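Below is one structure, written out as structure tokens; comments come after it.
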Amino acid sequence: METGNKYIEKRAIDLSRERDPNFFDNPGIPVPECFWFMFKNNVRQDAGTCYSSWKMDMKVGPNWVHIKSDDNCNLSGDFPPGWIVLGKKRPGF
Amino acid sequence: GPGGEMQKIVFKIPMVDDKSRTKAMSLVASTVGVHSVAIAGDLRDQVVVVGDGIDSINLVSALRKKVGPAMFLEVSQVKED
């Protein structure tokens, strides 16, 4: 690799560098297994908790999105352009 | 249990200060059907409400009149075995 060359990869949002959501596990209800993080053009908007193997309707910018979670907290939905909500399984769950 | 779950309703309420947060809390906690309410999120403006038979229409209208420009963030059911 000679001097003056450049090299990078595509900039995939990395949840390992995200601080945890500022969550509150309400003691009256089951603890949700997942963290979610909402981004617009790779800029975090907010974050929270949700259930695994489940569903929710979430307002993502200008559009409601029906978000399904699998058992590993991967989140699927029809997100508007430039937006995404990404999940991860909480430590210990 | 399955079929009889609590409601989960999350608002985003842009908050001026802790005084707006206190008002949001007292309002939600005095609303019919509400079991409990918490404020958290990256801006401390995510208002998570759980309960049964909550009239979200009247609740969001009251928050908008008394607290600030509340928006729905989420409507879901609590997952309960």
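Going by the structure tokens order, chains are called A, B, ..., each with residues numbered from 1, while ligands are numbered from 1 in the order shown.
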
(request) Give the residues of chain A that lie within 9 Å of chain B; count only C-alpha atoms, and format the answer as an MDAnalysis selection string. (result) chainID A and resid 21:24 26 28:30 32 45:48 51:52 54:60 64

(request) With a distance cut-off of 12 Å and only C-alpha atoms, select the neighbouring residues of residue 63 (chain B), excluding the residue or stretch itself and same-chain residues fewer than 3 positions from it, and output the selection as a ChimeraX atom specification. (result) /B:11-15,20-31,47,56-60,66-72

(message) Taking 6 positions as the minimum chain separation for residues in the same chain, which residues sit within 10 Å of residue 55 (chain B) when counting only C-alpha atoms? Answer as number ranges by chain.
(response) B: 31-34

(message) Can you pull out every residue from region 25-86 of chain A that DSSP, working from the backbone, puts in strand (DSSP E), and format the result as a ChimeraX atom specification?
(response) /A:34-40,43-50,54-60,63-69,75-76,83-86

(request) Would you work out the distance separating CA of residue 34 (chain A) from CA of residue 18 (chain B), expressed in Å to one decimal? (result)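 Atom-to-atom, CA of residue 34 (chain A) and CA of residue 18 (chain B) are spaced 27.9 Å apart.
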
(request) Find the distance between CA of residue 52 (chain B) and CA of residue 53 (chain A) and write it in Å to one decimal. (result) 22.0 Å

(message) Please compute the CA of residue 10 (chain A)-CA of residue 81 (chain A) distance, one decimal, in Å.
(response) 18.1 Å

(message) Residues within 12 Å of residue 82 (chain A), please, as a list in words. Count only C-alpha atoms; anything in the same chain fewer than 6 positions from it doesn't count.
(response) residues 38, 39, 40, 41, 42, 43, 44, 60, 61 and 62 of chain A

(request) Please return as a ChimeraX atom specification: the residues of chain B that backbone DSSP assigns to helix (DSSP H, G or I). (result) /B:18-29,56-66

Suppose we keep N, CA and C atoms; can you now write the selection as a compact mmCIF listing (two decimals), in the first residue's frame?
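Once everything was written out, this is out_15.txt:
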# COMPACT_ATOMS: atom_id res chain seq x y z
N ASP B 18 -37.93 20.28 33.36
CA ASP B 18 -38.49 19.28 34.25
C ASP B 18 -39.88 19.60 34.73
N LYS B 19 -40.24 20.89 34.76
CA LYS B 19 -41.60 21.27 35.08
C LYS B 19 -42.62 20.76 34.06
N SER B 20 -42.30 20.78 32.76
CA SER B 20 -43.21 20.16 31.73
C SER B 20 -43.33 18.63 31.96
N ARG B 21 -42.22 18.01 32.32
CA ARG B 21 -42.21 16.57 32.60
C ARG B 21 -43.08 16.21 33.79
N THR B 22 -42.98 16.97 34.86
CA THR B 22 -43.85 16.76 36.01
C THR B 22 -45.32 16.87 35.61
N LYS B 23 -45.64 17.88 34.82
CA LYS B 23 -47.04 18.06 34.41
C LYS B 23 -47.50 16.87 33.53
N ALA B 24 -46.66 16.42 32.63
CA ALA B 24 -47.01 15.28 31.77
C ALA B 24 -47.33 14.07 32.63
N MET B 25 -46.47 13.83 33.60
CA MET B 25 -46.63 12.70 34.48
C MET B 25 -47.93 12.73 35.28
N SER B 26 -48.25 13.89 35.88
CA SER B 26 -49.43 13.99 36.72
C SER B 26 -50.67 13.85 35.87
N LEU B 27 -50.65 14.41 34.66
CA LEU B 27 -51.76 14.30 33.75
C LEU B 27 -52.01 12.85 33.33
N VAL B 28 -50.96 12.18 32.86
CA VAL B 28 -51.12 10.79 32.44
C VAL B 28 -51.54 9.93 33.62
N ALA B 29 -50.90 10.12 34.76
CA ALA B 29 -51.24 9.28 35.93
C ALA B 29 -52.65 9.47 36.48
N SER B 56 -56.79 7.01 23.95
CA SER B 56 -55.60 7.76 23.54
C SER B 56 -55.94 9.10 22.88
N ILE B 57 -57.12 9.18 22.27
CA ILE B 57 -57.64 10.41 21.65
C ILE B 57 -57.70 11.53 22.68
N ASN B 58 -58.45 11.28 23.74
CA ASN B 58 -58.65 12.30 24.76
C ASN B 58 -57.33 12.56 25.47
N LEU B 59 -56.49 11.52 25.66
CA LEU B 59 -55.20 11.70 26.37
C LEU B 59 -54.27 12.60 25.57
N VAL B 60 -54.15 12.36 24.27
CA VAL B 60 -53.23 13.17 23.50
C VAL B 60 -53.75 14.62 23.41
N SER B 61 -55.07 14.79 23.29
CA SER B 61 -55.63 16.13 23.29
C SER B 61 -55.32 16.86 24.58
N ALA B 62 -55.44 16.18 25.70
CA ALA B 62 -55.14 16.84 26.97
C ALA B 62 -53.64 17.23 27.10
N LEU B 63 -52.74 16.33 26.67
CA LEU B 63 -51.32 16.62 26.68
C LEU B 63 -51.02 17.83 25.80
N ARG B 64 -51.65 17.91 24.64
CA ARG B 64 -51.41 19.06 23.73
C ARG B 64 -51.91 20.41 24.28
N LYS B 65 -53.00 20.36 25.05
CA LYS B 65 -53.58 21.54 25.68
C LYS B 65 -52.72 22.02 26.85
N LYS B 66 -52.17 21.07 27.60
CA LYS B 66 -51.57 21.38 28.90
C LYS B 66 -50.06 21.31 28.95
